[PDB]
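Descriptive structure summary
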Amino acid sequence: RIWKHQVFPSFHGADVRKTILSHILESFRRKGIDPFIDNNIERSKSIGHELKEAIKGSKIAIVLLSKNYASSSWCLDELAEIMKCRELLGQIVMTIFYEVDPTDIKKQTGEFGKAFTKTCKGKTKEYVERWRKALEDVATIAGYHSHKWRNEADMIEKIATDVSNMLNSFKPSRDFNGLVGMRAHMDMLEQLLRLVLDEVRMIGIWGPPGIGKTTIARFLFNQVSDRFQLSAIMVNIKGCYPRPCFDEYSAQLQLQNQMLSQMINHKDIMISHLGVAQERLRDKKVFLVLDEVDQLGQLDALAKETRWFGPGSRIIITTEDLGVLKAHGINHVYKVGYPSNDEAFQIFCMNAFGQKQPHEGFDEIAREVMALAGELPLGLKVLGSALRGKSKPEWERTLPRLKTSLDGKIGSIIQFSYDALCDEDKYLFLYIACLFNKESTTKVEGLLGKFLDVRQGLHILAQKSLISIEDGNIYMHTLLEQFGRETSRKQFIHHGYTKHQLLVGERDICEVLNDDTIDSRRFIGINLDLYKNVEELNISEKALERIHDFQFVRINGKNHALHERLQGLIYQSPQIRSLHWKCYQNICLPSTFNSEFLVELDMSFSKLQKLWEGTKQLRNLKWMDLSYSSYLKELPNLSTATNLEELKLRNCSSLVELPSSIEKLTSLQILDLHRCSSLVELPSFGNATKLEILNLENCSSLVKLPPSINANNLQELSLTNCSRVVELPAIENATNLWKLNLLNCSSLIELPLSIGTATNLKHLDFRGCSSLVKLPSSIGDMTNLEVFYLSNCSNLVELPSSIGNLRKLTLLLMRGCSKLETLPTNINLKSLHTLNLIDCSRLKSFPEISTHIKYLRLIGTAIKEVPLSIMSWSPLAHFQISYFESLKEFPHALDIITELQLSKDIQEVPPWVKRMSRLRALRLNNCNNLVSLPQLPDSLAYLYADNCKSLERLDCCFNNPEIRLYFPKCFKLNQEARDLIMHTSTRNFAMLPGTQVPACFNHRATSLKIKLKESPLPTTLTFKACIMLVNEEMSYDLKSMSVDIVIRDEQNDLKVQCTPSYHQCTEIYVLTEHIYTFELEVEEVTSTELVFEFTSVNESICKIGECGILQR
Amino acid sequence: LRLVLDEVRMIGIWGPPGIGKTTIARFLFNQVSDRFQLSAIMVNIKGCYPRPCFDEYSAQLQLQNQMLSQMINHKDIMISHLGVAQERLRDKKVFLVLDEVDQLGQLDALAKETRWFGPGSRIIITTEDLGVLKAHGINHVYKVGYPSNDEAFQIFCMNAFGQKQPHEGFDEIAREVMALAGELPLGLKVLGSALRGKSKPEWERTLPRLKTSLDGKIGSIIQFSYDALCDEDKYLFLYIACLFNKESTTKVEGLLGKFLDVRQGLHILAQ
Amino acid sequence: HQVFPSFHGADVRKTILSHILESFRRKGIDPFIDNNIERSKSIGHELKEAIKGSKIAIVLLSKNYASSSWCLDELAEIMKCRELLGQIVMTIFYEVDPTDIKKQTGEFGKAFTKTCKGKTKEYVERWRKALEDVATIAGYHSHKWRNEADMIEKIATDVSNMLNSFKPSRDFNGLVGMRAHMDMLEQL
Amino acid sequence: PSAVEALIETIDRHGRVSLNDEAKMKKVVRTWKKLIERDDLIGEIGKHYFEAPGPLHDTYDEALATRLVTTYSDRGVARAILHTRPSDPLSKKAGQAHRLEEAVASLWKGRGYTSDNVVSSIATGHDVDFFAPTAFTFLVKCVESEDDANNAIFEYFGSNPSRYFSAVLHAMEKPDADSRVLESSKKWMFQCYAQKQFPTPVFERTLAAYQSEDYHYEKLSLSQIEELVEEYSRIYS
Ligand SMILES: Nc1ncnc2c1ncn2[C@@H]1O[C@H](COP(=O)(O)OP(=O)(O)OP(=O)(O)O)[C@@H](O)[C@H]1O
Ligand SMILES: Nc1ncnc2c1ncn2[C@@H]1O[C@H](COP(=O)(O)OP(=O)(O)OP(=O)(O)O)[C@@H](O)[C@H]1O
Ligand SMILES: Nc1ncnc2c1ncn2[C@@H]1O[C@H](COP(=O)(O)OP(=O)(O)O)[C@@H](O)[C@H]1O
Ligand SMILES: Nc1ncnc2c1ncn2[C@@H]1O[C@H](COP(=O)(O)OP(=O)(O)O)[C@@H](O)[C@H]1O
């Protein structure tokens, strides 16, 4: 329906127009209510008719009742009209009994009754009847009583609240419904807030422009401001403040004037001195929000000290520069973060399609546009709004427009923050956006050091949240970089008295080189990306004549094409500061290439062979990165390369040898040869070299090595495969060896004794290091050595007695050490956890180091004995012995053993095994000649039998726990034994040799669907399930399988639960013709219809074939 | 329009700059607003908007504030949040006229959902690009057409010969000047005012320079509409105005296809 | 405190005073609070201490204001502080003529006379002098104002304006060397 | 809680709840990134899960890898390894990622997966993805020989030379494609047909028979077909 007014008040003018009605109206104006005011009736109009019209167009009528309400005929007539309107139309009527009682109203007696009698003396009958009926029916309405409230202000507040609520005014904002995922922000920000600490704590919010600081502040204000006596929000303080700021004090005074006028309800204050806020807000709980504070003057004007505000007050200042917060001493800072990819897509979809999910067919293009928008909420909103009502072809053909040009709405907002920078900061920003987007901070400092103060510039930029340094690499947001690239054409760069510009473009910025009409000296940087076509780019022959001073070059020439013109244009530069060329696609660097000035050289993919063919002046060179240049054979003389820092010959498999001129590389710290299948030697380095990271991972032909390294600072040293390496370079100190490994470095003979000097090598491997004869005696020297792997280190017939000095190693894996024969005896390792001696085919003595071992694994050994000292050892969570005959002689060993492993050929069926208490597992490796099995002990969890020729009867009644009975290949099983295997109440798998599901499982089928019925009213049900596998090219020994289970109904769609909703085993054999059984519980009480679905996770490994289950 | 259906139908009005979108809106508001309980007209929203608009929410809030102050005649109060317009106007007949709307932000400011106005109301927004109307999903669009040649002559003689709908005296050069003015009421008015009060020989000296260069009055408005384009769109505009004024779209695509993405450019220019 | 309110509870504590309290609360004004359980026949020392440090007082006058020796003593102390200290006194004539307050007449005068029986001469003299002085000072006549809420809002605005001007330039005295400039400029 | 405590709780929750396939396919990546965030976790959490009850392991890395495979499917772990390879090979994160992927490869070898099983696990549905280095190198580690890796990927294409050559040519067009390795695979295919001593036109028709519609990938075009014929022509006459 339609109403002109929300509330129409009815009252007697002589009584309440002055005193109480005024207050009610004032309260209504303060709650966003527009009541009808009779004083505003237009002049020269009939008051009665206009008032009657205004009555019928009112949603609510409020009737104020006074002792002289009956005195005026206007009051009675408007009341009668009000009541006819309510009973006919349906307008809502509320009553206020101000110093009057409803009882005397309907009697028309005494108070107000005298007035009614006086006013009804001259009238007709129908008027009196209508007035009386209306008076009675309005006295019936339950409203508010004046005498029931102790103070008039509370009653008026309650009346206004009731009217506003029953108006369904919807005071909470619906705007805060289209925003995505601010629960994370609010939860993170509540912890910084802690509004129960009654301090005056100050809180900051900073982040790149457009993440949503303003929206976060608005939402937080809406949620929280109601809990403080005084609240105020100031938006875009940066915008209003004068830019030059010629008179700081006047601006500060005006700013504090605005803050006071909006905090205190004083509509128009004129502040004389900046101390008014301190004077006025000393003892009050105040919530103040300041948005986009640009500099410290605003903060001093608005909130200089916490003493300005009373206890429990909070102020929240949002900015982009952290330095402003730090200078004011905030230390309570919430750094806003980008939303999740899902949330970003939701925001983009809200702005584009109007819902949280895209329309059909838009998914791929929508995600492309999103990825173009980076992650900024501002960018997502802008792009989504730009593409709202379009159609899919329009999306597809406007995406290239979006890529090439940055939208104006993003551009201006970024421009505003870009303008506040210093000149050198602007130049550094342009440099980062154009060339060094993702580069080491050290490399940027080296390259741009002489032009400008790079360190302080980077620090300031990070403070401004224009860049981010993650792990020594600087990162600029995609939109921000895109803005930076555009301004490169429109802005110049001044370093001293000269002037320069940059050239950044995919391929379209090359015709400017063919302009031939402008000075090309002002071009110190090129960023080209040639992943478009193998066609040669077009340059005028005259442009080839001009020589260009190009200092920074970054070419990603990703194609098989060769660019003769580009090479001639660039390598004619006199001084080239840094040169990156990906996919060079040539043979040699041209001879006319001057290299005296060359700090950094990078060729990440190349076809170079014997570059420079001659000695050159590599005076100030600090980085060589030749990577993946697989077609490379030699390398120039590196004499006079004394300043070289790092050399990465990464994965260049054809490099036959390394030059002896590496001796001249005094400052070299990094040598990288991760894959060099064609090396032979590695020449001596020198004396002051001090290599830091020597990485020779798979040098499968490297034979010789240097005799010494002078490795005073050698963080890492890696020789993983290096199959043919005889000796090893000595070491001086290695006081920082954070990593050393020789995994599979066979053909070694010894180890340099100085390996003991590494006092911090916590971890150490020699896994696979065959032919190693003897560990050095200095092994005991290393401290903090925690882990020590050895595996199949055959021909290691010793172990040094100094090991007892190690005092910290937790595990000593020594697997397959098939010639280890002794072991140091008089040793107590105070913190030793495990000891793996498996298949040590000549170990021949018990390992006697009186320790706190918790995991002892002696399988395949030749021990045949157990000492009596073991009872000193308090715990053994595991202890595994390959069974031999004369274990009967060591009863002390029986109560402590945990596993056991019968050998290939054992006739006997060991009964005394029933005596040992803790026997968690029992393994029969092959047992090609066995018949039965005794009563096993009561504590079993595992039992295996891989390929035995007979286990006819399994006479064990065993009921411990989840027990796994695996029987890979044993077909001579009694049907009673077979049934036992199936009909045992476990909580784990059970696998047996069978060719088809046994008939015991009635309910059969062949992701598959099992359908079955039930016979029960209401109970928890228990099921036994049986499964075979799909006949496939499964490996002879697949050793892991996991099964997921889903159960549903066909009358309802309720997904019923299933407590063992998965069965997983990392040791079960996976084979074709076998039966796998397990157990399930269902508890929901759907009655007749259950549908099962067993799936095998890792479908690429194992697929469930036939199946069938059974109740119990 | 169809007011009798008491819906919240929104209606667009679009055409090249200088046809009378503003004048048509004013005439309609003058004729019909009396039938509506509360009504307001907003003029040149595009010009009265912050060009950089660093805080699009503050500008959006103040735009809604201007609308409410003009509409309720409510002594330019300050507004708390952006949903107030719904709270006030969702239960009253409304006639709203929004003139020269440039981008979707203003529409979100002033009229985002038909549920803001209630049982019968009309919102009429005049724009120049169809894309803004289409994004907001209006589909009730009047493409304003050029007036008839006789009406063009009446307008020109109204603005040239001083209220005389026909000519005075000669009636020869007037039609040459008109044919020069095309059909835009803006062009007719500017040319008529340029020659107002002249004599026939003065008219004759003025004719050539008028023919070889257009007045700055028309040029300023056309330039403003031209500057709101992408660079590719500007290049395509120049190509059409220079060489391919009246050619098949297919041939234009075939000849200019290597440069400008002709299909998208034509789509935008037509919009 | 911020403001010291003086009133007669039986007349105004329920109807108008609550509105003024609410307006002051919403304008960030914290008046001194008191309870009917916190009053004796006399005023007490702590009440005078609160009066002296209030630095602004509001005397709301009603018909039966003079019918409480408590209120009369409060008014006398308020005027004493106004004359000696720089206390600023604001008056509200709630439907009572200032002339009636001045000459102690009308119903107000009758209540004052009925209250004055038994007191010593100096009490009556101080009460009369304070009443005359408070009638002289320029305040807010409730009868003149057509709109009570507007009058209360105006009173709150004036209180706020005459409350953020006490401390003159207390801040930013940390500017250095201004005495030299002042002396060198005094000669000019 | 500390990072370790939270990460253990999260891994246990994910292994406990048995949630959606794609939900696992997503959460595995977040867990993987949280692993390599700092250098001293893989060892520490491996030590923690080593001492927990369960099957025994030869190393901490094996314990962590086994838990990751139990918590997220072989499909999820392979996808995370492929999608979380850092840039700088010498950084800490690269070392952590190498530890994780080597542990997973050793875990798969210990279970005796075939070459085909590994290929199917890595499989993403886009036949060029197998030739991206971040996947090809992991495959080579899992199978220990490039010849076997090429044979496995060739058989995963149903022994279709056309599909294989289409994939390798599409891999030739990658910004970071190792030319040497892709050329090695191509040369392997050439040598496999040289062992057949197929005539050059017979070789052409052997390739172009699959160019028919016998089998959803992108087929070759006659131009590079003739190019490959010419390439094979003289090298092994
Ligand atoms: N035609 C008029 N023009 C101007 N003032 C008028 C007119 N009629 C009445 N008044 C003023 O209205 C006052 C009387 O108001 P009254 O107390 O009757 O209002 P009311 O009947 O209570 O209003 P309502 O019935 O709307 O509550 C008179 O003092 C007079 O000055
Ligand atoms: N202290 C006061 N505060 C507010 N209003 C006052 C005060 N004293 C007197 N008034 C108002 O002044 C009115 C009487 O004015 P009066 O006719 O005496 O002016 P006047 O003395 O003639 O002025 P003048 O002396 O300037 O000619 C009273 O109705 C009263 O409301
Ligand atoms: N969580 C969010 N959900 C939806 N929109 C958001 C969210 N955060 C920001 N936006 C949108 O991004 C735009 C820019 O955010 P804004 O708060 O102006 O950034 P800034 O912090 O730079 O002021 C806003 O118009 C806002 O609508
Ligand atoms: N039907 C008409 N009759 C007379 N004059 C007109 C007519 N239509 C437009 N005009 C005049 O032509 C000019 C064109 O302006 P207009 O087109 O309304 O601006 P906009 O292009 O913003 O709509 C106006 O000054 C108007 O006076």
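Residues numbered from 1 in each chain as written, not as in the entry; some residues may be left out. Chains lettered and ligands numbered in written order. Part of a larger assembly, values for the part shown. Heavy atoms only, no water. Residues with missing side-chain atoms left out of burial classes, pairs and counts.

Looking up chain C in the PDB entry gives the name NAD+ hydrolase (NADase), with the organism given as Arabidopsis thaliana. The record for the entry shows the title "Cryo-EM structure of plant NLR RPP1 tetramer in complex with ATR1".

Per the PDB entry, chain B is named NAD+ hydrolase (NADase), and its organism is Arabidopsis thaliana.

This part covers the sheet that holds strand β3 (residues 88-93) of chain C. Residues and elements named next belong to chain C. Judged by pairing direction, the sheet is parallel, and its 4 strands sit side by side in the order β1-β2-β3-β4 without closing on themselves. In this open sheet, the two edge strands, each paired with only one partner strand, are β1 (4-6) and β4 (140-141). Summarising the sheet, strand β2 (residues 56-61) and β3 pair through 6 bridges and their orientation is parallel. What sits directly across from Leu60, in β3, is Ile92. (Pairing = 2+ DSSP bridges. Helix = DSSP H or I, 4+ residues; strand = E, 2+ residues; numbered from the N terminus.)

On to the site of ligand 4. Residue and element names in this part refer to chain B. Residues in contact with ligand 4, as listed here, are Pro17, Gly18, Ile19, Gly20, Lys21, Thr22, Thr23, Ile155, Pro185, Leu186 and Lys189. In this structure, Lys189 approaches ligand 4 through a side-chain N or O atom, which is 3.3 Å from an oxygen atom. Protein contact buries 63% of the 560 Å² of open area that ligand 4 shows by itself. Of all elements in the fold, only α1 (21-32) and α8 (185-194) reach the threshold of two or more residues within the shell around ligand 4. A breakdown of the residues in the shell around ligand 4 according to their chemical character gives 5 nonpolar, 4 polar and 2 charged. (Near = heavy atom within 4 Å. Polar contact = N/O pair within 3.5 Å; in protein donor to acceptor, adjacent residues only side chain to side chain. Areas by Shrake-Rupley, 256 points an atom, 1.4 Å probe, with all protein chains shown as cover. Nonpolar A, V, L, I, M, F, W, Y, C, P; charged D, E, K, R; others polar.)

Residue and element names in this part refer to chain A. Across the 5 residues of strand β12 (residues 501-505), 5 count as buried, placing the element largely inside the fold. Sheet topology note: the β12/strand β13 (residues 523-529) ladder contains 5 bridges and is parallel. Across the sheet, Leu502 pairs through a bridge with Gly525, a residue of β13. (Buried < 20%, exposed > 50% of the residue type's maximum accessible area, 1.4 Å probe, protein only.)

The next thing to look at is the side chain of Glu1014 of chain A. Residue position: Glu1014 of chain A is located in the loop between β37 (1010-1012) and β38 (1021-1029). The side chain of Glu1014 of chain A is buried and forms no salt bridge, while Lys1013 of chain A, the nearest opposite charge, is found at 5.7 Å. (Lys, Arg positive; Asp, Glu negative; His and termini not counted. Salt bridge = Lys/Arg side-chain N within 4 Å of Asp/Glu carboxyl O.)

Two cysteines, two sulfur atoms, one covalent bond between them: this is a disulfide. Residues and elements named next belong to chain A. Throughout the structure, instances matching the rule amount to 0 disulfides over all chains. Counting only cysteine sulfurs, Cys75 is the nearest neighbor of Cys85, a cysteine outside any disulfide, at a range of 18 Å. Overall, the relative accessible area of 1% leaves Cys85 in the buried class. Sulfur of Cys240: no disulfide; nearest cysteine sulfur belongs to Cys245 and is 14 Å away. Overall, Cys240 belongs to the exposed group, its relative accessible area being 52%. (Disulfide = S-S within 2.5 Å.)

Moving on to the pattern of salt bridges. Residue and element names in this part refer to chain A. In the structure shown here, the tally under the stated rule is 71 salt bridges over all chains. The salt bridge partner of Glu646 is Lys648, with a shortest N-O separation of 3.5 Å. The burial state of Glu646 is the same as that of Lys648; both residues are buried. A cluster of three or more residues bridged by salt bridges with shared partners is formed by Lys443, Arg554, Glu600, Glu646 and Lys648.

Turning our eyes to something else, we now look at the pairing of strand β25 (residues 811-815) of chain A. Residue and element names in this part refer to chain A. Burial of β25 is extensive: 4 of the 5 residues sit out of reach of the surface. Judged from the 5 bridges that link them, strand β24 (residues 787-791) and β25 form a sheet pairing that is parallel. By the bridge assignment for β25, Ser791 is matched with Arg815. When β25 meets strand β26 (residues 834-838), the two strands line up parallel, connected through 3 bridges. Paired with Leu813 across the strands is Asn836, a residue of β26.

Right, let's talk about the interface of chain A and chain C for a bit. Across the boundary between the two partners, chain A contributes 26 residues, which contact 29 residues of chain C. Taken together, both faces of the contact between chain A and chain C bury some 2,600 Å²; the carbon and sulfur share is 49%. The three residues of chain A that bury the most area against chain C are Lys18, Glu279 and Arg280 of chain A, which together make up 26% of that side's buried surface. Inspection of the chain A/chain C interface yields 1 salt bridge. A salt bridge links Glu148 of chain C to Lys18 of chain A, with the shortest nitrogen-to-oxygen separation between them at 3.8 Å. In this assembly, chain A and chain C are joined by 15 residue pairs in polar contact. Taken together, the elements giving at least two residues each to the side of chain A that touches chain C come down to α2 (21-29), α8 (152-166) and α13 (276-280) of chain A. Split by residue class, the side of chain A that touches chain C holds 9 nonpolar, 9 polar and 8 charged. (Contact = heavy atoms within 4.5 Å. Buried area = accessible area lost by both parts, 1.4 Å probe.)

Time to look at a positive patch on the surface. A cluster of like positive charges, contributed by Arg39, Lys41, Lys110, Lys114, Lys117 and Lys119 of chain C, occupies part of the molecular surface. In this structure, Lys110 of chain C sits in helix α6 (residues 106-115). (Patch = residues over 30% accessible without salt bridge, like charges linked within 9 Å, V, L, I, M, F, W, Y side chains within 5 Å. Charge placed at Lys NZ, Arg CZ, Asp CG, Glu CD.)

Moving on, we come to the site of ligand 1. Residues and elements named next belong to chain A. Taken together, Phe11, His12, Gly13, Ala14, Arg17, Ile47, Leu51, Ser72, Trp74, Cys75 and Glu78 form the complete shell of residues around ligand 1. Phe11 is positioned such that a nitrogen or oxygen atom in its backbone is 2.8 Å from an oxygen atom of ligand 1. Between an oxygen atom of ligand 1 and a main-chain N or O atom of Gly13, the distance comes to 2.9 Å. Burial of ligand 1 by the protein amounts to 46% of the accessible area it has alone, namely 660 Å². Elements that contribute at least two residues to the shell around ligand 1 include exactly α1 (13-16), α3 (47-56) and α4 (73-88). In terms of residues, the shell around ligand 1 owes the most to one element, α4, which gives 3 residues. Looking at the shell around ligand 1, its residues break down into 6 nonpolar, 3 polar and 2 charged.

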